[PDB]
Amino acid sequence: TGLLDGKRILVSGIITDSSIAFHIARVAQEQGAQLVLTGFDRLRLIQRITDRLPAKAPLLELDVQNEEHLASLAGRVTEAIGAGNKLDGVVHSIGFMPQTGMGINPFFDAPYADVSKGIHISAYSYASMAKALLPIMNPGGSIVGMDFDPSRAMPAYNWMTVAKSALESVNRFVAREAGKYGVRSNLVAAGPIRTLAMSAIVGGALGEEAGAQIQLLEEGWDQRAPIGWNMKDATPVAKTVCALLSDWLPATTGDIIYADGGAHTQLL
């Protein structure tokens, strides 16, 4: 009856109840999956969030820049799900770009050290999670990451755009590796959803030129989307991720599914 009945799925990237990952975890549980959750840094605060999910799920610590956490991750997961059991799904819902690389800060003023950190967390980590977790994934399994279409430049998103372009490229290579295990790798390119991350970008630009341009982006998304776009509601995005975690897109890999109201298909 549930789309993900019987599946064991790791979900990274819960930080608040608004997190795309929170809604992915919620719909997944609603659809019969057994979750393992990972969180970064503020674990006590994240546990308060995860308590509001429909079911209990273990929360493991994962800083994707921490080599020890990556090296121990498989064993920690196996310990949570029981020896002899493997994962069927992995969700990377993780991003970061130091403030110099996003927002009102001029593009040319982001030092490489900041850019490099953002690319580590937002792009390279997709590879390093796959490297850690493919060895405990079942054939038929699915790795999904989150993307924002970086095909064209835009105001404010700046070096995160560059990180997403790298992420898309990384995904195409992770698919080559994943396929050796019978595993798909794909991204969901979402339209804008009011998360802590989105709020940070918007809020940090209020009152500035970039904020005027972000306003235009926000207005235009729903306008261009043939079926509309509601920026409050992560459910449609979460459902799409669940579709890729299911067995119903079995010939799709190294690819990008756009959960954006169809906006990217319309010039206006």
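Position 1 is the first residue in the sequence shown; the rest follow in order.
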Entry-level comparison of average CA B-factors, 153 to 161 and 72 to 80, reporting the higher stretch = 72 to 80
53 to 61 set against 195 to 203, stretch whose average Cα temperature factor tops the other in the entry | 53 to 61
If you rank every modelled residue in this chain by C-alpha B factor, which third holds residue 99: lowest, middle or highest?
-> highest
Lowest, middle or highest third: where is residue 131 by C-alpha B factor in its chain?
-> middle
By the entry's values, the third containing the CA B factor of residue 17 is the middle
For residue 145, the third of its chain into which the C-alpha B factor falls = lowest
On the chain's distribution of Cα B-factors, residue 47 falls within the third called highest
